[PDB]
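The residues making up each chain are set out below.
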Amino acid sequence: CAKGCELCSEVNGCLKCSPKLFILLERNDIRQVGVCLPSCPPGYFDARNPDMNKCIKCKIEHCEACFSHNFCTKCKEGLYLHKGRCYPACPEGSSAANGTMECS
Amino acid sequence: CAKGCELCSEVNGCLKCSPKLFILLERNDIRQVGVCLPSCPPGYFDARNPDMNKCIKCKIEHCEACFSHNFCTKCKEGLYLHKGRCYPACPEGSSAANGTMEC
Amino acid sequence: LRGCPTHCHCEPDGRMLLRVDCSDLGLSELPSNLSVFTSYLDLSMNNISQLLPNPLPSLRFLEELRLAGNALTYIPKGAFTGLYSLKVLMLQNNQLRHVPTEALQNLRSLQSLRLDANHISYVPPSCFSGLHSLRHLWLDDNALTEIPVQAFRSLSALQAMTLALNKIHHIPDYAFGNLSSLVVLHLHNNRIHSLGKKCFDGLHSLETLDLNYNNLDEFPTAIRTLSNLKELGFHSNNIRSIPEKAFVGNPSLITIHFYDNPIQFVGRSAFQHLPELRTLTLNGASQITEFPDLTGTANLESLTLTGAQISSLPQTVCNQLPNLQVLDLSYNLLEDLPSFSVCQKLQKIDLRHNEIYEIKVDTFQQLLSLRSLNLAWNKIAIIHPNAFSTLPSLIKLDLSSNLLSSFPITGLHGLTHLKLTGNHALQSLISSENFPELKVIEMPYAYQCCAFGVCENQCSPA
Amino acid sequence: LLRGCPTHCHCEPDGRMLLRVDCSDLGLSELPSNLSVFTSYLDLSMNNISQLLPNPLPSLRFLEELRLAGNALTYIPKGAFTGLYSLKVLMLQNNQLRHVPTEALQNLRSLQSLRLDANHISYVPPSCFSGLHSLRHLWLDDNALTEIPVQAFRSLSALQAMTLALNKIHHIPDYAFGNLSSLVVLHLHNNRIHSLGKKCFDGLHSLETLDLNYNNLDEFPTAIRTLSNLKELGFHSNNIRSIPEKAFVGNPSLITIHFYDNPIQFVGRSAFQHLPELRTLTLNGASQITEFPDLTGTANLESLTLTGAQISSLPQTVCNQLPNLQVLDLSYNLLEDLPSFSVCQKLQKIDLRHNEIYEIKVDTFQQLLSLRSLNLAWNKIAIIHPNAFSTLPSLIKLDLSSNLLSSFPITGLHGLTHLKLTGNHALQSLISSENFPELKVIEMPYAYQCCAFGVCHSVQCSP
Ligand SMILES: *[C@@H]1O[C@H](CO)[C@@H](O[C@@H]2O[C@H](CO)[C@@H](O[C@@H]3O[C@H](CO)[C@@H](O)[C@H](O)[C@@H]3O)[C@H](O)[C@H]2NC(C)=O)[C@H](O)[C@H]1NC(C)=O
Ligand SMILES: *[C@@H]1O[C@H](CO)[C@@H](O[C@@H]2O[C@H](CO)[C@@H](O[C@@H]3O[C@H](CO)[C@@H](O)[C@H](O)[C@@H]3O)[C@H](O)[C@H]2NC(C)=O)[C@H](O)[C@H]1NC(C)=O
Ligand SMILES: *[C@@H]1O[C@H](CO)[C@@H](O)[C@H](O)[C@H]1NC(C)=O
């Protein structure tokens, strides 16, 4: 079937992942193909649910890896990270940048 | 527009009839065509309504002319007429037939 | 042509009988030279003011006289004295303002009389005296105000009558007393506001009654006396409720129309004992709290009853409903459901917008004819896996907005329609296989759609 | 040269000369040896690792990231991570830990993100997180927690994101997350939360998103009041019955709110006041709503749907509260008279079916230039002023099914796409093909009226 995968189809690959793994749906264009991973690749984040654990792409502007959607974990270099989000600026609440790029 | 007709369309003919006339729709080759008559031809019966007076076919077994649907006025010869309907028999409620066919 | 009024077109009826068509000739009056042996005379659309300078009785062979679309204002009393053979008389679309006071009397052979589309408002009593053969009577599109009960009493041979499109506002008791032979009565498009409790008690032979398009405030209980009634219409009124045992007096009823009535309540026993009744529709009767009893009326094929407050169903409800094919109880307050197994022949079911929390095992067992099932917008927390095990003919299924988390795939293979949107807890995938022939799919999540060949970058979740 | 890249493992250069070592799905009994320092990334995942260690390898002062998932660890000794001064991220998911390491995790000064999900932990010893000054991200989902470890969490004033989902937490005491001032994202979904204190969230001022979904709440979480900087709020799939008056007064700059799959029967009128960033509002089957809700200071609604209630009427100037609105669905209510609706421009769709509407006046739909679809089916509409539909250029779909019409207003309305008139039994007159080009879908009370369009781009028509 696949590496740590319980049910697959010839066409779409893995349909159901082993207990604590995450399913990743990849577009091979056109057809969708299902992979089964121990954790999610960069761009994706791990999401745990009682029926299906799923890898979910992070659509956050200029984010590299994330905690969920709406919250970025490590931002794209050349861009400051402030409270899970990524800005050029970075307020004004009272941030500024150390020897790092993590607007305090 | 037409004989006693107020509004017609190029495709369907007459759309609205003069006050107390009946509209007759003739369906030929999937297309409707509207005529305006003083009363409805045999097979049809006259139905008066406040929006449209219309000629209505009475699809009643072996009926020639009718009062409404569900009630036949003049039945086809060779068939007895009983309470607006047309039978070979004709009951038994207490009918029977004289020199006519109207049990 | 000999005796065939110049300009008119004639024809032989039976051999040597004469049929004369002088219709649409715009005659000022009728021709003086008219052959006896005439058995059919059509004078229609002819601007005829008066009859006559010289009227023509003594045409003892006249079977049928047509006098429509003429501008007649009255009829002289001796006008029709000669005609011993007159069967049908047509006097519609004239400016008659009352029934001819004596002119119509003792036409012994007269069978059908048309006095519609005039301006008649008064019907003098015994204007119909001695009409022993009269079967059919038209009095629609006139300005009547009351039932001429007195005048109608002599017509015991009447079989059909139309008092439609008038201004009749009330029906007195026994208003049609002597009319024992009457079969078809049309009172529609009137201003009937109230009618007596014994207003139809006369006519035992009545089969069809049309009270439609009127201003009734309550159910017509006079109906009780019409045992041979078959077709009944009182739609487009302002009636508010149907009483218990409303149609007890009328078995062998076949069609009943009461739509466009703001009906709020209906008695449970109101539709009992109508074995020939095939379809029942009850929309928006908010005040209904219980499922109606249908004893002795098992031949229902389509039952729809919506917009009420029905809490639950008798567990042996289906026992009363074989032959039933479509059942629609949407928009009520249903929580638990009976077996429904007894209700075979069921092809369609619509139970949407109820408050159903669970689908048990037996609740849809052995429904071999069932093709379409809608349970959308319920609060169905769980479905027993084998609930759908035994539904071979099932093709359309809608479980949208039900708070489901999982799905019973067992059985049901290759159905045509499947709708699962709004079940946000339903996240796992579903294969294209286990499901060929799906022509319509709805799903809570786009990737689940993609698993069926859709999903862009047509369903959809979104 | 191998570089001393633990035989069987795959290494590679990170920064300047920092080393990343992947010894993951190798099924190791324990972790390597040699494995020279300068390692800035160490992945040991899916590796049958019972214990750490016979020989552990501290002195890896350069370790930025340690992955230890799927290794089947049952406990962590106290000195396990002592060497690692550069550790930013530690991964310990999918192991059989039954409690947070009592001391083993302490004073990892640089640790920024810690993953302890998918274990069997049920106990969190207080001060197990002591001295974690850099900790921003914490995972504790798919565990066997029972209550909030308030004591242990009190030290983490640097937390920005935390997930305690898929546990069995049934209750949240007041101030259960006190010191967590920096926290932004809190995930408590898929728990058994039945009751929560009225001040149980009073701590976290920086909180922007709160996920209480898939829980067993019986009442609205009013603690919400204190979360001023809250942006996204979810408490759907509970057993909540009502939204109280001024429920979201405490949280302007709210953008998305999820409360579906809740058997909500009543909603306060002022309950949705002052949420200028709120874009969509849907209220299905709230039977006990009898009045249209007030929406002062929240005018940027684009889609408002509110059905299955008892709304008797609308203030005549309701639309003044509703510019930018595009979709309006007030089906299945008890509406008789209708306001102007003219003020509600930008409206594209209107659904007023199954109401008790008896008449449609002139101004009630004037100047709705963007309006495309109008459904008035199953009303008791006896009459329509002819020019009611005169000013609806974009109108293409119209549904007047099951109404009390006898006649029809053709004026305006020419060349729409959809027209539905079934159930209007008093509608008997005919309709020309012209006055109606582009009609692709038609429903008609009488078949003969359909035939007038060519039926027994292709266009249809049915009785
Ligand atoms: C109410 O209806 C009844 C029955 O339908 C009518 O009774 C009928 O009355 C006619 C005459 O009025 C009877 O005609 C007969 O005429 C011959 C000779 O002309 C005579 O020998 C008979 O004795 C009888 O008079 C007819 O037989 C009779 N039928 C029955 C069953 O009674 C009655 O006239 C109607 N009354 C009103 C006020 O409308
Ligand atoms: C909740 O957060 C506050 C922080 O705002 C804790 O209060 C105390 O805050 C000070 C700094 O504001 C912490 O740092 C101290 O700094 C000096 C050097 O200037 C150092 O010598 C001390 O040893 C200490 O590191 C201080 O640690 C902190 N108090 C404690 C007991 O840690 C407050 O304590 C926090 N609550 C909990 C339960 O952790
Ligand atoms: C995993 O380790 C155990 C000892 O803890 C051993 O018995 C077993 O054979 C190992 N399995 C694999 C696949 O290495």
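Residues numbered from 1 in each chain as written, not as in the entry; some residues may be left out. Chains lettered and ligands numbered in written order. Heavy atoms only, no water. Residues with missing side-chain atoms left out of burial classes, pairs and counts.

Per the deposited record, the coordinates in this entry were obtained by X-ray crystallography to a resolution of 3.200 Å.

Looking at the PDB entry, chain D carries the name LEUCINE-RICH REPEAT-CONTAINING G-PROTEIN COUPLED RECEPTOR 5, with the source organism given as Homo sapiens. Annotation of chain D in UniProt includes, under Subunit (literature references left out), the sentence "Identified in a complex composed of RNF43, LGR5 and RSPO1. Also interacts with other R-spondin ligands, including RSPO2, RSPO3 and RSPO4." UniProt, in the comment section headed Sequence similarities, describes chain D in these words: "Belongs to the G-protein coupled receptor 1 family." (UniProt positions renumbered as here; feature names shortened; annotations may be inferred.)

With the PDB entry as reference, chain A is termed R-SPONDIN-1, source organism Homo sapiens.

**A closer look at the overall build of chain A**
Regarding its fold elements, chain A presents zero helices and ten strands. Since a compact globule built from 104 residues should have a radius of gyration of about 13 Å, the 17 Å found for chain A marks it as more spread out than a globular shape. Counting only C-alpha atoms and orienting by the principal axes, one finds that chain A spans roughly 55 × 30 × 20 Å. Long-range contacts, defined as pairs at least 24 residues apart, comprise 14% of the intrachain contacts of chain A with a sequence gap of at least 6. (Helix = DSSP H or I, 4+ residues; strand = E, 2+ residues; numbered from the N terminus. Rg over C-alpha atoms; globule rule 2.2 N^0.38 Å. Contact = heavy atoms within 4.5 Å.)

**Observations regarding the state of the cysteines**
All chains considered together, the criterion is met by 24 disulfides over all chains. Here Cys1 of chain B engages in a disulfide with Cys8 of chain B; their sulfurs sit 2.0 Å apart. For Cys1 of chain B, a relative accessible area of 62% gives the class exposed. Given the relative accessible area of 38%, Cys8 of chain B is considered partly exposed. Here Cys449 of chain C is linked by a disulfide to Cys459 of chain C, with a sulfur-sulfur distance of 2.0 Å. Here the disulfide of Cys449 of chain C and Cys459 of chain C is left-handed, its torsion about the S-S bond being about -40°. Given a relative accessible area of 22%, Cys459 of chain C falls into the partly exposed group. For chain D, the bonded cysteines connect in the pattern 1-3, 2-4, 5-6, 7-8 when numbered consecutively along the sequence. (Disulfide = S-S within 2.5 Å. Buried < 20%, exposed > 50% of the residue type's maximum accessible area, 1.4 Å probe, protein only.)

**As for the UniProt feature "disulfide bond" in chain A**
All names here are of chain A. Sulfur atoms bridged by a disulfide sit less than 2.5 Å apart; for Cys5 and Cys14, annotated as such a bridge in UniProt, the distance of 2.0 Å is consistent with the bond. Where 2.5 Å serves as the upper bound for a disulfide, the S to S distance of 2.0 Å between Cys75 and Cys86 confirms the link that UniProt reports. Separated by eleven residues along the polypeptide, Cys75 in strand β8 (residues 71-75) and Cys86 in strand β10 (residues 85-87) bring together distant segments of the chain. On the basis of relative accessibility, which here comes to 12%, the residue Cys86 falls in the buried class.

**A look at the environment of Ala381 of chain C**
All names here are of chain C. Looking at where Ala381 falls in the secondary structure, it is placed in the loop between β22 (372-374) and β23 (382-383). For the pair formed by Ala381 and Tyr357, sequence separation is 24 residues and the distance between their alpha carbons is 5.3 Å. Those residues in contact with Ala381 that lie beyond four places of it in its chain are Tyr357, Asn402 and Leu403.

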